[PDB]
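We begin with a single chain expressed as structure tokens, specifically the form deposited in one PDB entry.
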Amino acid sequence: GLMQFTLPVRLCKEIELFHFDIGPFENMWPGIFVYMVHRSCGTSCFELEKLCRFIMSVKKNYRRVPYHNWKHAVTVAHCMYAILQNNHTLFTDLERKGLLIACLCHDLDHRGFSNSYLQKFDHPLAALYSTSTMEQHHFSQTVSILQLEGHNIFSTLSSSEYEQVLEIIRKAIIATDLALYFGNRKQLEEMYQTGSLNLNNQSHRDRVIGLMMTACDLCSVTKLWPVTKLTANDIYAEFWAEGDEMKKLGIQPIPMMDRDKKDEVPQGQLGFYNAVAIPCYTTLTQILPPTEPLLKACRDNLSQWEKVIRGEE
């Protein structure tokens, strides 16, 4: 029980900050996650032998795609770590256990393609899950990996505690379906404005947890500009590959995914910051004031993209 993971001094300090980048050393990411689980939850909440075997199986089931890869998984878990650590008293023991695992697992077996491409291609997953197609798949993979021998990190929970944490993880992963974000944030905005938002209402907590998941998932837009700018290339490498696969089905893709419309990317990032990212972090800051650094960093990057359009970079 007395085996703490310890990071070098720079990582030890910077990991606490929202804008931390986990770096290019793949073989440190597992240690970074255990470090975060230990400080966020405790050295007791998981058996190290079981947790380690879980992490390496989750890693194994993330594919070698430009963006929706193992680094994204650990990056998204890190943002959730920063929210939980800056909102210490707001979250139950089970929520802190569930949400870090939810984030690591949230894009399991992603192929780099949108729900929309699966439906137009007529992928079997689109027949199995008619909405939130990949997100239902991501949760399915999480449960399958949990059920490998020696992988059940929750085995010391009671039957109802166990059912609760898997329900937290299912809702958390489903929430990362950006199609569901818009309505979720609109409702949270209304509940915040009318003052009907009550964190003792479970259906309200679910909504707040969904928004935290959108916030952690989109967190590449809350990094220092060089990280944000370099991550955008990975994001657009997948979009443009999807664009290519659409043209192969005889469909003109939306411009975001057309590599011929590469010039339009700076304006499309403005739309994304204005339509999705800024509203997300605004409502999260209203509900959880200590996540304001995510909004401030997001606004700085909007400004950086405006400077790109105005020819200044």
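Position 1 is the first residue in the sequence shown; the rest follow in order. Shifts are known only where both forms have a C-alpha. Take the two forms, find the largest set of C-alpha atoms that superpose within 1.5 Å, and that set is the rigid core.
Stretches 260-268 and 274-282 differ in mean C-alpha B factor, with the higher average recorded for 260-268.
Averaged over Cα atoms, the B-factor as recorded in the entry is higher for 5-13 than for the other of 5-13 and 18-26. In this structure the maximum Cα B-factor among 219, 90, 102, 165 is found at 90. As recorded in the PDB entry, 201 shows the highest C-alpha B-factor of the residues 115, 228, 184, 201.
For residue 54, the recorded CA B-factor ranks within the middle third of the chain. Only modelled residues enter the ranking.
The PDB entry assigns residue 97 a C-alpha temperature factor belonging to the highest third of its chain's modelled residues. Split the chain's modelled residues into thirds by C-alpha temperature factor. Residue 148 is in the highest one. In this PDB entry, the Cα temperature factor of residue 206 sits in the middle third of its chain's modelled residues. The deposited CA B-factor of residue 41 belongs to the highest third of values across its chain.
The discussion below concerns the form deposited in another entry, not included here.
Measuring CA movement between the shown form and the other one with the rigid core aligned, the set 26, 264, 244, 47 has one residue at 2 Å or more: 26. In the core-superposed comparison between the shown form and the other one, residue 308 has its Cα shifted by less than 2 Å.
Core-based superposition between the shown form and the other one shows that the consecutive residues, three or more at a time, whose C-alphas shift by 2 angstroms or more lie in 1-10, 23-27.
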